[PDB]
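Let's start with one chain on its own, the form deposited in one PDB entry, as structure tokens.
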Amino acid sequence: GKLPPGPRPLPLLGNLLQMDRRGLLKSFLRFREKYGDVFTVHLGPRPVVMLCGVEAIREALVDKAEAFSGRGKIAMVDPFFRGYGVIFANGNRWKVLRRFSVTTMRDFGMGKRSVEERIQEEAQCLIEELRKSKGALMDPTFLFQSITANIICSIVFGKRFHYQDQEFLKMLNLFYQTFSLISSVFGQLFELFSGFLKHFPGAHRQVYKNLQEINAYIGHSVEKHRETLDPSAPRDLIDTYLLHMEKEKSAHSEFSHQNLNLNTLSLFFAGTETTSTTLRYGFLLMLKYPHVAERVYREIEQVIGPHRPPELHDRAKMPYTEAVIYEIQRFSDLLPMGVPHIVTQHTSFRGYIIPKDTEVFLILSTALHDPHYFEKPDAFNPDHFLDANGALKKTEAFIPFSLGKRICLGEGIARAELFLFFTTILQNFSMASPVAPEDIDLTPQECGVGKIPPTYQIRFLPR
């Protein structure tokens, strides 16, 4: 009837000396073997409760939704955010920010374009730039970032940036580096001992300087918007929000500038670096499994044809591609420990008691890798999402977007980018590398808050 069991901690160090040099996750995986699906680890001074397996995670996020809906914090970025912006917002600030953030994808501008259409145009620009490389080896990183970021900017600032633009390439670089520093080994140790490390040089200081610098750009852009603002013809997200700041009198209110900047920062960042990451991994996987690429190509050829651009409508008619995409995300396993939650009350769980405000990780990646749902789960295989006839077999253990109240509000957009971008690129190209399939190493560089694929060279060969 106490906190869940786990390794016995030491005062001032916690469970430091039972961890696993590999990582926070590899550590937690070892503990799971000993203590089962629900257990307690002391990350430095605090207890944090781990939940593993799809049954436990659903039980928490869905069945006990009200209790498990709070947001914890990530030590590396907390000094920057400190509770502002939808990702790290709690209580009413979150209720407000979330509602707003959702109803501004799901509610699109009267005259302005569709979400699909924004993506469909991007994809073109992209193919019209892959051709302009005339088949050269390149690192796709900067481009995969470029296309996903332009989808947000489109909604947020009402516009896009050119792939060969400088200030733009500098920004996307601040994102990439920040995300990787958070996912770094220091970044993990920082989770454990931020209290002490705060006072010394290290990545945390860079992640701050980066966040400040992006936020500065957003800030200026907000100022520019406020000047040219038209009360009865809003251009984008920013305009919409500036018009809710119509609530200047109503007295104690959640639409601060701090929220504006921080919220936007929050979206850009999440919407840019996670899809881009998935795509990046997608194409590495295609290099290692050309048979899959070819079989996806065939379906595109057999359902869409070689000319007309793919569209969302086609998705129903083409299961193999969908299954491949699902498998990419499942295997990409982008947010292994999800993002930290907290319990909003003294909370009863499988006979244990988790006190109000205890941090709770939902080890999402124990779901995606459950052997009971995926034969040989360590291995990349589209079959995982197909029945006996090659029809799409959805499964309730596929939760890369988490569940319940906090669940990704980009799911719609992401699943649309992954489909359109993937199939459009493949429609017009085929993949080549100097490296052989047998020799392609999938092992990530960085494996922390986020799984970051190893850095690779690829070429795009017109079809």
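Start at 1 and count along the sequence shown; that's the residue number. Here, rigid core means the biggest group of C-alpha atoms that superpose within 1.5 Å across both forms.
Just so it is clear, the following notes concern the form deposited in another entry, a form of the same protein that is not shown.
Undergrad: Would you mind telling me which residue of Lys198, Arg131, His162, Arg295 shifts its Cα by 2 Å or more between this form and the one not shown when the core is superposed?
TA: Only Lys198 moves by 2 Å or more at its C-alpha.
Undergrad: After the core is matched up, is the C-alpha of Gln188 off by 2 Å or more between this form and the one not shown?
TA: Shift of 2 Å or more: yes.
Undergrad: Could you check whether the CA atom of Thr178 moves 2 Å or more between this form and the one not shown, using the rigid core for the fit?
TA: Yes, because once the rigid core is superposed, the C-alpha of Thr178 moves 2 Å or more between this form and the one not shown.
Undergrad: Align both forms on the core first, then report whether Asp78 has a C-alpha shift of 2 Å or more between this form and the one not shown.
TA: True for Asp78: a C-alpha shift of 2 Å or more.
Undergrad: If the CA atoms of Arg118 and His257 move by 3 Å or more in the other form, do they move toward each other or away, so closer or farther than here?
TA: Note: Cα gap between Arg118 and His257 widens in the other form.
Undergrad: In the other form, do the Cα atoms of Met110 and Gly412 sit closer or farther apart than here, given a shift of 3 Å or more?
TA: Closer together, which means the C-alphas of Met110 and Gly412 are at least 3 Å nearer in the other form.
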